[PDB]
Amino acid sequence: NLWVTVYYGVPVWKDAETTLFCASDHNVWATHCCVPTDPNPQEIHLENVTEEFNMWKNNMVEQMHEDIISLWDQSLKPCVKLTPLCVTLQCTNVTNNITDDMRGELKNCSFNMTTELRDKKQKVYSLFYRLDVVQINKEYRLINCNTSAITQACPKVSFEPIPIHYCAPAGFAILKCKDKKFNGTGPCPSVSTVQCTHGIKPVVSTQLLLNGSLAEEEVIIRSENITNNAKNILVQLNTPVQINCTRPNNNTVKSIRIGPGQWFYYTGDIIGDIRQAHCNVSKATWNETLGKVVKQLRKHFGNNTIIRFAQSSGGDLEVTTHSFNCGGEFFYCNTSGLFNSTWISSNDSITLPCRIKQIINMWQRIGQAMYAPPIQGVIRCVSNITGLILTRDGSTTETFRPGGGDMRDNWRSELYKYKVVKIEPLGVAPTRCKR
Amino acid sequence: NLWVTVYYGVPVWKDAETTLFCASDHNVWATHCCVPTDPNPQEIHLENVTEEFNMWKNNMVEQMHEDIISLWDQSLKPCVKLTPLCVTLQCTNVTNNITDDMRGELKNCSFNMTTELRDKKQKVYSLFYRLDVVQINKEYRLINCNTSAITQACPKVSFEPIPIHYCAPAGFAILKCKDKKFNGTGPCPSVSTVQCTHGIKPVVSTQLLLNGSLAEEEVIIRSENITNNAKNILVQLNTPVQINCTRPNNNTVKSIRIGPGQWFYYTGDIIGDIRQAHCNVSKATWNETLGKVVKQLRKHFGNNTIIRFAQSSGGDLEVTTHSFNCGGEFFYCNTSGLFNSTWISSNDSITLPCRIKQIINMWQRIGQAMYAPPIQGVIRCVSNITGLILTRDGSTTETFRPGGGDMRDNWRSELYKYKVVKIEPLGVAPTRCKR
Amino acid sequence: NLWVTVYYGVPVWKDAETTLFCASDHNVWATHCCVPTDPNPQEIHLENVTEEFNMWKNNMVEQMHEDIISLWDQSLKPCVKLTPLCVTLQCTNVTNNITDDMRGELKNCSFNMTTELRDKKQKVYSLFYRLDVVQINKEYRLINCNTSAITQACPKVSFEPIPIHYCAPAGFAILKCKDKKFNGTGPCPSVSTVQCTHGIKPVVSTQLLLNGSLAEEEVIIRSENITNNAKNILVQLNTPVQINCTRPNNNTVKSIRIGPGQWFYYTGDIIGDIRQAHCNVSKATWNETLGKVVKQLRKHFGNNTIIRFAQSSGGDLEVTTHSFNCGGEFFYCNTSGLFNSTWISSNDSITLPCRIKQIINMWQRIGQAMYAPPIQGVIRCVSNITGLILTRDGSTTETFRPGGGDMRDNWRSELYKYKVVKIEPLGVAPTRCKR
Amino acid sequence: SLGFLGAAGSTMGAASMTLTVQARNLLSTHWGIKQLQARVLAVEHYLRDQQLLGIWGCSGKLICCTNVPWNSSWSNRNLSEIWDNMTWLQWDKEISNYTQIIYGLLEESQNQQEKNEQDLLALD
Amino acid sequence: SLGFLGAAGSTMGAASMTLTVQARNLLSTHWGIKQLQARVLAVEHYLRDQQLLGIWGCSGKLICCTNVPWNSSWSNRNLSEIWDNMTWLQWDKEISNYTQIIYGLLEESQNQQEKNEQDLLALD
Amino acid sequence: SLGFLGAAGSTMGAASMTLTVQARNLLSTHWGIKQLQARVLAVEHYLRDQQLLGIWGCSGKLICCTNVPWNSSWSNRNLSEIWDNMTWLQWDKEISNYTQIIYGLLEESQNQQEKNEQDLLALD
Ligand SMILES: *[C@@H]1O[C@H](CO)[C@@H](O[C@@H]2O[C@H](CO)[C@@H](O[C@@H]3O[C@H](CO[C@H]4O[C@H](CO)[C@@H](O)[C@H](O)[C@@H]4O)[C@@H](O)[C@H](O[C@H]4O[C@H](CO)[C@@H](O)[C@H](O)[C@@H]4O)[C@@H]3O)[C@H](O)[C@H]2NC(C)=O)[C@H](O)[C@H]1NC(C)=O
Ligand SMILES: *[C@@H]1O[C@H](CO)[C@@H](O[C@@H]2O[C@H](CO)[C@@H](O)[C@H](O)[C@H]2NC(C)=O)[C@H](O)[C@H]1NC(C)=O
Ligand SMILES: *[C@@H]1O[C@H](CO)[C@@H](O[C@@H]2O[C@H](CO)[C@@H](O)[C@H](O)[C@H]2NC(C)=O)[C@H](O)[C@H]1NC(C)=O
Ligand SMILES: *[C@@H]1O[C@H](CO)[C@@H](O[C@@H]2O[C@H](CO)[C@@H](O)[C@H](O)[C@H]2NC(C)=O)[C@H](O)[C@H]1NC(C)=O
Ligand SMILES: *[C@@H]1O[C@H](CO)[C@@H](O[C@@H]2O[C@H](CO)[C@@H](O)[C@H](O)[C@H]2NC(C)=O)[C@H](O)[C@H]1NC(C)=O
Ligand SMILES: *[C@@H]1O[C@H](CO)[C@@H](O[C@@H]2O[C@H](CO)[C@@H](O)[C@H](O)[C@H]2NC(C)=O)[C@H](O)[C@H]1NC(C)=O
Ligand SMILES: *[C@@H]1O[C@H](CO)[C@@H](O[C@@H]2O[C@H](CO)[C@@H](O)[C@H](O)[C@H]2NC(C)=O)[C@H](O)[C@H]1NC(C)=O
Ligand SMILES: *[C@@H]1O[C@H](CO)[C@@H](O[C@@H]2O[C@H](CO)[C@@H](O)[C@H](O)[C@H]2NC(C)=O)[C@H](O)[C@H]1NC(C)=O
Ligand SMILES: *[C@@H]1O[C@H](CO)[C@@H](O[C@@H]2O[C@H](CO)[C@@H](O)[C@H](O)[C@H]2NC(C)=O)[C@H](O)[C@H]1NC(C)=O
Ligand SMILES: *[C@@H]1O[C@H](CO)[C@@H](O)[C@H](O)[C@H]1NC(C)=O
Ligand SMILES: *[C@@H]1O[C@H](CO)[C@@H](O)[C@H](O)[C@H]1NC(C)=O
Ligand SMILES: *[C@@H]1O[C@H](CO)[C@@H](O)[C@H](O)[C@H]1NC(C)=O
Ligand SMILES: *[C@@H]1O[C@H](CO)[C@@H](O)[C@H](O)[C@H]1NC(C)=O
Ligand SMILES: *[C@@H]1O[C@H](CO)[C@@H](O)[C@H](O)[C@H]1NC(C)=O
Ligand SMILES: *[C@@H]1O[C@H](CO)[C@@H](O)[C@H](O)[C@H]1NC(C)=O
């Protein structure tokens, strides 16, 4: 005695994969390409809706990866090509004001490079940081000469992260997980619907995550499979750890024409003493932070067991040391003073030595190299450590080491709260109404 | 006891901005980017409709400006690059057939040019006009060597303007002002609706507008604010002034290969006397034209005010000197002979001397330079002056001078009749009908 | 007393021209740009429907041609440019182990090539096939260093034809002719509707059509106008003829770096003796095939005539010989042994000598030259002749020659059964109801 | 039991029962442009047909009976000669010269119908 | 007719006689993107207006009467004043403030009507 | 009220009064292509559902009662269980296996109804 009744505008949805667009709010993220945001966004709480989230199968991460790389490459399209620099360099050591920490790190190179006119050359003198120069046999070449084309980054374009809001297209919605102590893979008892995400800054780093969100109550340890030693562990911190990084040298930056309409920037000289770049982390804060991490790890690995921290086992510098963009310079900072402790159930800082490199190969690609022009003056930056990337060695003692290098993990950490669903407004149910 | 009635198809609209497309009517203004026009375009007169127009805030102008630049740049994309020419030139003077009008206006330069094969060179000589060559310290270089890349315009692509009609998308309409003697900013008592504008030739010039529309009855003086000396005055003539321009030299054009698939064009030599380029206008026509302008200009200044004309005070050649594209050559003509008079309450022409420049930097941009290949033989063109661009000096006898340098003014001159509105077919009103 | 009734969803159509898209099924063409096909495609037979088809006015062919050229060009965009090879080569022909078939068909050339560093040069020795090397005045250059510029094809990308399905957009459908012995221009008594064509392999060839479809019962001769000597004749075979092609020379391939991330590939030397490339066609099969062709030609020219086959009258190698891609190698085979017979009303093979060419100007274009990297080892391929391209000459004897090219006639041999129509679902008819 | 256009060639009467089959199959690097143009065009054609049905007052129906009488000048056949002995392809060709007359009349008829209804409701 | 928007300037009670005319004109390398955006935009606007009518309960109608009473606070006129001595451009300005109020009432009324219809149909 | 999907999780009965809220929020440098593709999908979806409503005879309604009886084999439940103790997400999952069957039946019913209407008008 029941009849089919059709309803349109039914509040249901399905998991779906669609293309999201950016909304933002000169720079390397080409934010002028985004649709400006709504000053008064809404969040609609969904009472009595429990949804399954899975941060590891989330394709929002894959899109963020594809767009960050694409934006990055587009920003270099109009920039000066440095092909003329792949010449033999004649290099000697910088020895005039050295503290012996930087023994051999800087090199004073000279070379024959072109001028505005094709029939004329000029002799150029410049400084290199050793990591970016390789010996040929005092004859050197740049490291990119046998693998890639080199492009100078445009000096007018900032690399500072700008928050990006991702927005679902009409017909789709983004569900956000509001639960505290949520590890990213289980059911989420409290959710809400938003059209656009929290702005996410595309901060790029390895080993330790910088300037992200904080855990609401306690350190949260997230992994695809915690017992699989091959997986990375993303640890979100409850409170930030402050880190102060610097390149404590007053650099004089010079530039020359290399061809019509094009100029090259290089470090001319250094004023005063030459000192090693470094980062400062407070010891007490760092030791408390690890204690919190260890407690949470014991919940998975045992109270009657031992947790030991150790340095990355080895591999490429881009993976094994900490890396970040500070003022536009690229830093490679050792983490050995951060992960050297065995945990068994003071106004002082940890000083981390750092290296500087001018030739950069991002996103783990080969054939596309970028030259970061040097910055005049002295650079200092302060940032918050908001999470860690750890791996585990394959007894009673477990060893954890810094890991990462796969950029999708940094994003994944920020996007863990969101999933995209398709709205399916049309459906049927039996009623007593017939016609 | 009235009820709401909903009506759809209601003939109302709002001011709006949108994307317009071209309908046209081997060429820089590619028609490959357009659709055909209707053979029978429609126009609808609107009785009892008065609209507000403001030509100074008309976004059709901004959009036309951007389309033209984009078409221009695309036309050079596949053309021969001339980087190999930026070498030291060995130059002497062309003194062979000089009347002293052209003394110093031509140089005879030799250089070591590239060839099809990488391992070969050729010695080439060519002529330059001084304006495009700068002395290095008889050692010269092209003017673009220290600022821009130079691209040769394709010899097969015409710079002759094709009138382009602009068309609104469905849902939008263009209202046109039919009020004769309309100054562009007030209410327009007589309007009509069209879907496409008349075709507008994208003529490029400064100071004197060429080949535009004429005022229906009287000279019309239009300005954003007539008392603001920071604004230009656009004067639309009700009669054309004929101007006859020439480059009275028989050029022999030479061509060489510069690399695989590429060739460079240049003037080899000149047959006969070397003469200065020039333009002629009738003295009587020009003096009558100014008298009409002055009579109308006085409406905003008084009959106790003396109106004086003077030459531009200075600045770059592209602004102070009249310019246009004639036969494919770029002319820079001196208008001081036209604007030199004070106005107080038969077979005799005015000759304006002109210079020719081969390296072109349009839209006042730096970094994109075009090389205009030579035109073989002798050039003559005839055109109509349809309006003037004037500026006014900062306690009696107001002085006016030729203006320009901003192309949006030429477009505003043609696009003062049209505005874009969005059609809004849905609305409500009270009736005696309910259900 | 009849009334108009409107029906929607009416099964009618009109002939139409729309844009079709590719649907797929390390390739040169971007197969990744296509959408995967329907796992279970449908075909609907239309009973009692006769439609007119015209293979010579079919716009599907024109799109296929355009798409293939564009896809091809896309594949070379990221590949190494070989501009630095346009130097004088010093050559002395290889004469180490020859049979006098290859005398003068190979050349041992040396040149000064660039290196990663701009400061260095390297001497390179390589072998060329003569067709690609032209004497300059022992001084030679590559043939395509004046009219063009050369791009090296990427060695990892395959030229093997991959069948591509074409699919109509919603609102359009493709009518497929299923009529045995259909000549391409008349009414087709039995048709069906499909959304996608079968996949068609983009096989590129001249003289003979390789790896296509076969006629159901008899050889079918199709032409736009059989009496017009300006038109080509497409002959579809009902049986394949097997052809075995080879380059029986074991090449040693070497490579050098030519720049920062760029490398050039070339033949270093030959292991063993030097032998000519050739193709084998069985005599009995080929003679049976021609007999069938002749019978079908008599039906159009008379049953009391003489049909004579002859080789090409002359012209460029690309149109006088049988061009095909074998293993990625480019062959130019002589068909004079196939078309030399007058027809009047046990492992014995025909050997066709073939030449090899590395610099290829595809699609009868000028300015875009491709360099085909050498293939290490020995090449053998076996393919099916599925049709012939013939031309007819201006007595009692009709003379036919192989005719090829235009890269539209080859496609027409597969795209002759398909027509695109627009669905027109709305219409009216008289009936009995009113309101 | 027929697929898309499987009724083509059948009589108009028989084909009128598959209208749903055709209707439901409507809508159903330069490459990005080709896909967008294909999608956009399919939508534009769909919407123009729907707008026209809307104007005529047939927006929700596959078979819509209107108030415009049939003129023998368009076609003077018997209803059998049309519905039992012709297919839709043939019919469309036979009356292709009256299409815009019929469509204009349909627009006028519906506009008159809407006005009459609005006034009756206002009346009482 | 007067052609597209030719009725503008005419009083409301006269302009409304030719609504069809403005309905048919709602659907009638960047170069390709500018054109796709223009085409997509026209469709989006068309559909948004059509959805409002559908929500309010009007489907293919150019003129539809609802059950929402007119408030004198929105506009206090002699009715003949509006239909005989005012044009649509003027009217649209006069009540532009109340646009959202009226639209909200139209949605509410129809939602109530649909529920009421469902209950009555269930009765038997 | 609750701006969008606010009723999700409420019972099916309670949520029936927010159909308007969800319906009105539907359809509301190569980064230009991604934006066009998204805008086009917003139109293709939506427009596709409108077609189904059209075919089923529900073109102008948020709530549409048809003449197809409910089969207990799709779901053997008390109406009070369905409307008071379940939400729409749960319901849709329980009968997601029968959706195609129901949709096919709805199309058949409407087609039969249009033919029957045409014959009655012809007889009247
Ligand atoms: C008409 O139709 C025929 C039949 O389809 C085509 O003939 C085929 O052409 C393809 C492409 O040239 C051939 O594929 C190649 O085979 C090589 C040999 O591999 C076979 O033989 C070895 C013997 O030791 C076996 O171990 C092996 O399993 C195979 O059975 C491969 O070496 C080739 O791969 C190399 O090149 C590709 C890029 O193209 C790289 O990606 C690989 O890594 C590798 O370097 C390739 O697979 C196929 O064998 C041919 N079939 C026959 C029967 O001969 C005709 O080409 C076609 N005519 C025209 C004009 O298109
Ligand atoms: C320039 O710097 C290099 C290091 O980059 C110095 O090389 C080292 O020299 C010491 C002393 O002889 C050796 O013990 C190290 O093993 C060398 N290092 C490497 C990597 O080989 C070099 O001596 C310095 N030159 C000058 C003049 O100071
Ligand atoms: C994150 O929390 C979820 C629970 O919300 C954990 O999922 C359970 O894992 C066990 C294995 O230890 C399975 O037997 C259960 O069936 C899972 N339950 C659910 C609801 O999925 C998950 O393991 C936790 N992950 C981490 C890294 O803490
Ligand atoms: C163009 O005409 C308008 C009138 O239609 C002029 O604008 C008026 O200027 C007076 C002052 O002289 C003001 O008091 C009025 O309020 C203005 N009216 C309007 C509608 O703006 C305008 O100045 C004229 N401009 C030119 C260049 O002639
Ligand atoms: C039109 O131009 C006149 C200048 O002639 C502007 O008048 C000046 O406005 C500023 C700012 O209020 C005052 O400080 C000056 O004293 C005014 N000058 C005179 C002579 O009165 C006028 O504001 C401009 N009008 C518009 C609409 O832009
Ligand atoms: C393909 O077959 C059709 C018949 O179906 C041929 O068409 C006829 O051509 C003659 C030419 O003298 C015309 O007079 C007839 O009126 C045509 N008949 C029809 C039905 O169109 C066609 O010429 C044949 N083409 C080839 C290449 O064989
Ligand atoms: C097919 O080609 C023949 C030519 O081979 C065309 O016939 C010629 O038509 C012109 C114009 O009427 C006559 O002056 C010639 O004398 C004809 N030549 C012969 C040999 O008959 C024929 O018209 C073409 N068919 C079609 C359909 O275009
Ligand atoms: C524009 O306004 C005039 C009035 O000024 C309208 O003309 C009147 O139309 C009515 C109705 O047909 C006649 O009774 C009057 O006698 C006309 N008056 C005059 C002075 O002619 C005219 O119709 C309006 N135009 C439009 C398009 O609505
Ligand atoms: C979420 O579930 C709770 C529990 O069933 C709902 O709470 C009921 O709300 C009604 C209406 O206000 C009250 O009469 C009942 O007494 C409440 N039940 C209880 C146990 O307190 C709540 O309304 C649901 N949320 C939504 C959005 O539907
Ligand atoms: C520049 O070239 C000259 C060539 O004679 C060479 O002697 C000199 O060492 C080169 N200079 C540098 C810094 O390489
Ligand atoms: C070309 O190069 C040679 C190098 O020896 C130089 O002497 C000659 O002056 C150059 N010619 C020109 C025109 O610059
Ligand atoms: C390479 O350059 C030298 C320069 O002295 C020249 O003698 C030699 O012939 C060149 N080699 C070739 C193969 O042309
Ligand atoms: C190739 O030539 C060498 C040198 O004469 C000879 O030793 C070798 O046997 C030859 N190979 C063949 C296959 O003839
Ligand atoms: C084709 O005609 C036959 C009668 O000869 C008829 O039975 C059949 O149904 C027709 N085909 C179609 C698709 O209507
Ligand atoms: C109800 O569903 C069952 C199972 O699919 C089917 O066998 C039965 O015929 C259906 N009832 C009716 C009236 O069709």
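Residues numbered from 1 in each chain as written, not as in the entry; some residues may be left out. Chains lettered and ligands numbered in written order. Heavy atoms only, no water. Residues with missing side-chain atoms left out of burial classes, pairs and counts.

Per the deposited record, cryo-EM is how this structure was determined, to a resolution of 3.6 Å.

Trainee: What am I meant to see in the overall build of chain D here?
Mentor: A count of helical and extended segments in chain D gives six helices and one strand. Starting at the N terminus and ending at the C terminus, chain D contains elements arranged as α-α-α-β-α-α-α. Its C-alpha atoms give chain D a radius of gyration of 18 Å, more than 25% over the compact-globule value 14 Å for 124 residues. C-alpha extents for chain D along the principal axes are approximately 60 × 40 × 30 Å. The buried share of chain D, taken over its 124 residues, is 50%. (Helix = DSSP H or I, 4+ residues; strand = E, 2+ residues; numbered from the N terminus. Rg over C-alpha atoms; globule rule 2.2 N^0.38 Å. Buried < 20%, exposed > 50% of the residue type's maximum accessible area, 1.4 Å probe, protein only.)

Trainee: Hey, could you run me through the interface of chain B and chain E in this one?
Mentor: How big an interface is tends to be stated in terms of the accessible area lost upon association of its parts. Each side of the interface is counted separately: chain B has 46 residues, and chain E has 52 residues. Sorting the residues of the side of chain B that touches chain E by element identifies β1 (3-8), β2 (13-15), β4 (43-46), α1 (59-76), β13 (172-177), β30 (418-423) and β31 (426-431) of chain B as the ones contributing at least two each. If one sorts the elements of the side of chain B that touches chain E by residue count, β1 of chain B sits on top with six residues. Broken down by class, the residue content of the side of chain B that touches chain E amounts to 28 nonpolar, ten polar and eight charged. Relative to strand β1 (residues 63-69) of chain E, β1 of chain B is paired through four bridges, and the arrangement is antiparallel. Counterpart to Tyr7 of chain B in the pairing with β1 of chain E is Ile63 of chain E. (Contact = heavy atoms within 4.5 Å. Nonpolar A, V, L, I, M, F, W, Y, C, P; charged D, E, K, R; others polar. Pairing = 2+ DSSP bridges.)

Trainee: Mind showing me how you'd approach the interface of chain C and chain D here?
Mentor: Each side of the interface is counted separately: chain C has 46 residues, and chain D has 54 residues. Every element with two or more residues in the side of chain C that touches chain D is listed here: β1 (3-8), β2 (13-15), β3 (21-22), β4 (43-46), α1 (59-76), β13 (172-177), β30 (418-423) and β31 (426-431) of chain C. Of the residues that constitute the side of chain C that touches chain D, the class distribution is 28 nonpolar, ten polar and eight charged.

Trainee: Which parts of the structure should I look at to understand the state of the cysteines?
Mentor: Between two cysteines, a covalent bond joining their sulfur atoms is known as a disulfide. Residue and element names in this part refer to chain B. Following the criterion strictly, the structure yields 33 disulfides over all chains and no others. Note that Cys22 is cross-linked by a disulfide to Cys34, the S-S spacing being 2.0 Å. Since a negative S-S torsion denotes a left-handed disulfide, the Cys22-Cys34 link at about -105° is left-handed. Assigned by exposure class, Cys22 and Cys34 land together as buried. (Disulfide = S-S within 2.5 Å.)

Trainee: I tried to follow helix α6 (residues 99-123) of chain D on my own but got confused; where do I start?
Mentor: The periodicity of an α-helix, 3.6 residues per turn, causes residues three or four places apart in sequence to face the same way. Here α6 of chain D spans 37 Å end to end across 25 residues, near enough to the 36 Å set by a 1.5 Å rise per residue. For α6 of chain D, the full list of buried residues reads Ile102, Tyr103, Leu106, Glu107, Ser109, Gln110, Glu114 and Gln118 of chain D. (Expected span 1.5 Å × (residues − 1).)

Trainee: Mind showing me how you'd approach the site of ligand 7 here?
Mentor: Residue and element names in this part refer to chain C. Neighbouring ligand 7 are the residues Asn225, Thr227 and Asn228. One of the side-chain nitrogen or oxygen atoms of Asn225 is found 2.4 Å away from an oxygen atom of ligand 7. One of the backbone N or O atoms of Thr227 is found 3.0 Å from an oxygen atom in ligand 7. Out of a free accessible area of 600 Å², ligand 7 has 17% covered by protein chains. (Near = heavy atom within 4 Å. Polar contact = N/O pair within 3.5 Å; in protein donor to acceptor, adjacent residues only side chain to side chain. Areas by Shrake-Rupley, 256 points an atom, 1.4 Å probe, with all protein chains shown as cover.)

Trainee: Mind showing me how you'd approach the site of ligand 1 here?
Mentor: Residue and element names in this part refer to chain C. Lining the immediate environment of ligand 1, one finds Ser158, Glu160, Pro161, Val203, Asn211, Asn325, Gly327, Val382 and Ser383. Side-chain polar atom of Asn211 to an oxygen atom of ligand 1: 2.4 Å apart, as the coordinates give it. Burial of ligand 1 by the surrounding chains reaches 33%, relative to a free accessible area of 1,100 Å². Among the residues forming the shell around ligand 1, the class breakdown is three nonpolar, five polar and one charged.

Trainee: Hey, could you run me through the pairing of strand β18 (residues 233-259) of chain C in this one?
Mentor: As a general feature of sheets, a regular strand has side chains that alternate between the two faces. All names here are of chain C. In terms of strand pairing, strand β17 (residues 220-223) meets β18 through four bridges, oriented antiparallel. Of the residues in β18, the one forming a bridge with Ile221 is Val235. Looking at chain direction, β18 and strand β28 (residues 377-392) are connected through twelve bridges and run antiparallel. Across the sheet, residue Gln236 finds its bridge partner in β28, namely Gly387. Alignment of β18 against strand β20 (residues 277-282), held across four bridges, turns out to be antiparallel.

Trainee: Teacher, can you tell me more about the sheet that holds strand β10 (residues 139-142) of chain B here?
Mentor: The strands making up a sheet are joined through hydrogen bonds of the backbone, oriented either antiparallel or parallel. Residues and elements named next belong to chain B. Spatially, five strands are ordered β8-β7-β6-β10-β9 in an open sheet, and the strand pairing comes out antiparallel. Each having just a single partner strand, β8 (121-128) and β9 (133-135) make up the two edges of the open sheet. The average undirected angle you get between the axes of adjacent strands in this sheet is 40°. Strand direction decides the pairing type here: strand β7 (residues 107-114) and β8, joined by eight bridges, are antiparallel. Note that in β8 the partner of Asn112 across the bridge is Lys123. (Axes fitted to C-alpha atoms, helices over the stretch in contact; angles between N-to-C directions.)

Trainee: Could you clarify how one ought to interpret the sheet that holds strand β26 (residues 359-360) of chain A in this entry?
Mentor: All names here are of chain A. Spatially, β11-β27-β26 is the arrangement adopted by the three strands of the open sheet, whose pairing is mixed. Each edge of the open sheet is held by one strand with a lone partner, namely β11 (149-152) and β26. As judged from the two bridges shared by β26 and strand β27 (residues 368-371), these two strands associate in the antiparallel manner. Along β27, the bridge assignment pairs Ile359 with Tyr371.

Trainee: Would you take a moment to explain the side chain of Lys176 of chain C for this structure?
Mentor: Residues and elements named next belong to chain C. Checked against the element boundaries, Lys176 lands in strand β13. Accessibility expressed as a relative area gives 15% for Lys176, which makes it buried. Setting aside residues no more than four positions away along its own chain, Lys176 makes contact with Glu43, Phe53, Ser190, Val191, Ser192, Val194, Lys417 and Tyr418.

Trainee: Can you walk me through a positive patch on the surface in this structure?
Mentor: Taken together, the side chains of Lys121 of chain A, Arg118 of chain B together with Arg118 and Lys121 of chain C present a region of like positive charge at the surface. By the element assignment, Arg118 of chain B lies in the loop between β7 and β8. (Patch = residues over 30% accessible without salt bridge, like charges linked within 9 Å, V, L, I, M, F, W, Y side chains within 5 Å. Salt bridge = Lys/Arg side-chain N within 4 Å of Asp/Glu carboxyl O. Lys, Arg positive; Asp, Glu negative; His and termini not counted. Charge placed at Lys NZ, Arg CZ, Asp CG, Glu CD.)

Trainee: Explanation requested: the environment of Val203 of chain C in the structure shown.
Mentor: Residue and element names in this part refer to chain C. With respect to the secondary-structure elements, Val203 resides in the loop between β15 (191-194) and β16 (208-210). Between the alpha carbons of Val203 and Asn325 there is a distance of 8.4 Å; along the sequence they are 122 residues apart. If we ignore the near neighbours within four places in the chain, the residues touching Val203 are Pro161, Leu210, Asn211, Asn410 and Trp411.

Trainee: Is there a simple way to explain unusual backbone geometry in this structure?
Mentor: Leaving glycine out, the prevailing phi sign among residues is negative, and the prevailing peptide bond configuration is trans. The backbone phi angle of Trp363 of chain C is positive, close to 55°, even though this residue is not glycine. A residue is classified by how much of its surface remains accessible, and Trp363 of chain C, at 10% relative accessible area, is buried. Notably, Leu27 of chain D is not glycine yet its phi reads approximately 75°, a positive angle. Relative to the assigned elements, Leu27 of chain D resides in the loop between α2 (19-23) and α3 (31-56).

Trainee: Sorry, what's going on with the arrangement of the chains here?
Mentor: Separating chain C from chain E is a minimum C-alpha gap of 14 Å, and the two share no contact. Chain F makes no contact with chain B, the minimum C-alpha separation between the two being 14 Å.

Trainee: Looking at this structure, I do not really get the packing of aromatic side chains. What am I missing?
Mentor: What characterises a pair of aromatic rings is the spacing of the ring centres plus the angle enclosed by the ring planes. Summed over all chains, the structure comprises 53 aromatic pairs over all chains. Here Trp72 of chain A and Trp363 of chain A contribute two aromatic rings whose centre-to-centre distance is 5.8 Å and whose plane-to-plane angle is 80°, an arrangement assigned as edge-to-face. The class for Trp72 of chain A is buried, based on a relative accessible area of 6%. Clustering of aromatic rings is evident, with ring pairs tying together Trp29, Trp72, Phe159, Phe330 and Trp363 of chain A. In this arrangement the basic side chain of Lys419 of chain B is found over the ring face of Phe53 of chain B, its NZ or CZ atom lying 5.7 Å from the centre. (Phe/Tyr/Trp six-rings, centres within 6.5 Å; stacked < 30°, edge-to-face > 60°. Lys NZ or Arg CZ within 6 Å of the ring centre and 35° of its normal.)

Trainee: Which parts of the structure should I look at to understand the nonpolar core?
Mentor: Most often, soluble globular proteins keep nonpolar side chains buried together rather than apart. With 123 residues, the main nonpolar core has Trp13 of chain A, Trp13 of chain B, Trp88 of chain E together with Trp56 and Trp88 of chain F as its most contacted residues. When residues in this core are grouped by element, the largest group, eight residues, is from helix α2 (residues 31-56) of chain F. The residues touching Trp88 of chain E, leaving out its near neighbours within four places in the chain, are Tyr7, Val10, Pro11, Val12, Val428 and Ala429 of chain B together with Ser10, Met12, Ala15, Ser16 and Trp83 of chain E. Residues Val6 and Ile423 of chain C together with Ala8 and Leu26 of chain D belong to the second largest nonpolar core, which totals 53 residues. (Core = buried A, V, L, I, M, F, W, Y, C linked by side-chain atoms within 4.5 Å.)

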